[PDB]
Structure formats: structure tokens, C-alpha cells
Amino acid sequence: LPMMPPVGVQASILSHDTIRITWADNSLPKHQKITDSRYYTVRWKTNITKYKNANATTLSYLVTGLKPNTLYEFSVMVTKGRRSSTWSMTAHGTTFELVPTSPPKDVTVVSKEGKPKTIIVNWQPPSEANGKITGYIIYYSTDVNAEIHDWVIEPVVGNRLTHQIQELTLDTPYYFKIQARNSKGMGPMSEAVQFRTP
């Protein structure tokens, strides 16, 4: 005989890496207390992929170690002895964003053709964006050891991957670094790239 599958599965987002799953088992009384050896199995995955799973003898399961800003599909079944149920209807849960935790990648700086005091900076999004990138901030200086408040700031709006900087002094070594931004704040700076104006 088939067991009733769990119902009312819900995904409560607790952080950028934790989601608590809860459900009801209508084969139990309304007080929902378990007095037998049944156990539930919770499965989850990204719709980006195989399932991860875990068992529980509670009508809830805490899923930790997830990735930021990621949509997961969760479902639950029950087993007791040689009987079990089909999987429950799915519930979706998307983890919160987290500040980026890695830097913009492969930063390069070159001269703008025909405009020697102008340079073009190019880069790629950080691997650990951890949320929708909303912009970047480029910093540059003629002194690599200068404290950050002394570098010149060039904000870039949106998830653009290139930016031009004008009016630089000629025949001068400059250092450029960049950090990404999302709703949670600024990520780490890339390692400075040195470039000497022509």
C-alpha cells in the first residue's frame, strides 16, 4: 500500500546559504506528532543537475551550504518499513544575495587609439558575484602604495565590462584596480594592473 505523500511543503529563506524546509504529513493527527518509525527524505537541486538529499524524523529540515542568489527546487517523501510515498509537489526557494566575494577578472588596460591621454579598461565579472551585479568602481593611481582614499575614483554604472578614462598624464606609469558591486555592497579589489601611458 502507498503512503500519503507529504503536503504543504514550504521553503523559508534564512540567509544566502540556508533554507529551512517544512511540510505536513496528513497521515498523522492534526498535532503532527510522530509515534512510529517513519522518516522523511528531502531532495533538492538547482534548475540550472542531480539531487542532494537528507533524511529527517522531524517535519522540517534545515538545508545549509547553499550558494548565494540561487534558486533551488525542494520536495519530500516519506518511508516506513517497506512502504513509501511518491515525492511531494515541489516548493522553490531562492537564497539571498551576499556581497561579491571575488574580484572582477582578467583586467586589462590599453591606450585609446589616437587619444594618448585616454585609456580603455576591460574586465570580466567576478566568479563569485553572489547577486546581480549593479556596477563596478575603478581606482587608479600613479603610486601603487598610496592608501585607498588617495586613488582616483571612476565609477561604472551597470554590469558593463569596459570603461574609458581620460586626461591622464603622458609617459606615466599608472596602476588600476577594480571592485564589483551588488545590492549587498562592494566586493574585493582586483590586483593592480600597471600600465604606462604613451
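All residue numbers are counted from 1 along the displayed sequence.
Trainee: Indicate whether the chain is continuous between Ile48 and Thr49 or, if not, how many deposited residues are absent from the coordinates: none, 1 to 3, 4 to 9, or 10 or more.
Mentor: The entry has 1 to 3 unmodelled residues between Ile48 and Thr49.
Trainee: Using only C-alpha atoms and the B-factors in the entry, which stretch averages higher, 39 to 47 or 128 to 136?
Mentor: Between 128 to 136 and 39 to 47, it is 39 to 47 that shows the higher mean C-alpha B-factor.
Trainee: Between 171 to 179 and 16 to 24, point out the one with the higher average CA B-factor as the PDB entry records it.
Mentor: In the deposited entry, the stretch with the higher C-alpha B-factor mean is 171 to 179.
Trainee: Given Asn159, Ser60, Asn69, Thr64, identify the residue with the highest C-alpha B factor in the PDB entry.
Mentor: Of the options given, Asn159 has the highest CA B-factor in the PDB entry.
Trainee: Quick one: classify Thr90 as lowest, middle or highest third of the chain based on its Cα B-factor.
Mentor: Ranked within chain, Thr90 CA B lands in the highest tercile.
Trainee: Quick one: classify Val109 as lowest, middle or highest third of the chain based on its Cα B-factor.
Mentor: It belongs to the highest third of the chain when residues are ordered by C-alpha B-factor.
Trainee: Would you mind ranking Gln166 by its C-alpha B-factor against the rest of the chain and naming the third, lowest, middle or highest?
Mentor: It belongs to the middle third of the chain when residues are ordered by C-alpha B-factor.
Trainee: Ranked by Cα temperature factor within the chain, is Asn145 in the lowest third, the middle third or the highest third?
Mentor: Tercile = highest for this residue's CA B-factor.
Trainee: Considering every modelled residue of the chain and its Cα B-factor in the PDB entry, is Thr101 in the lowest, middle or highest third?
Mentor: CA B-factor rank for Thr101: middle third.
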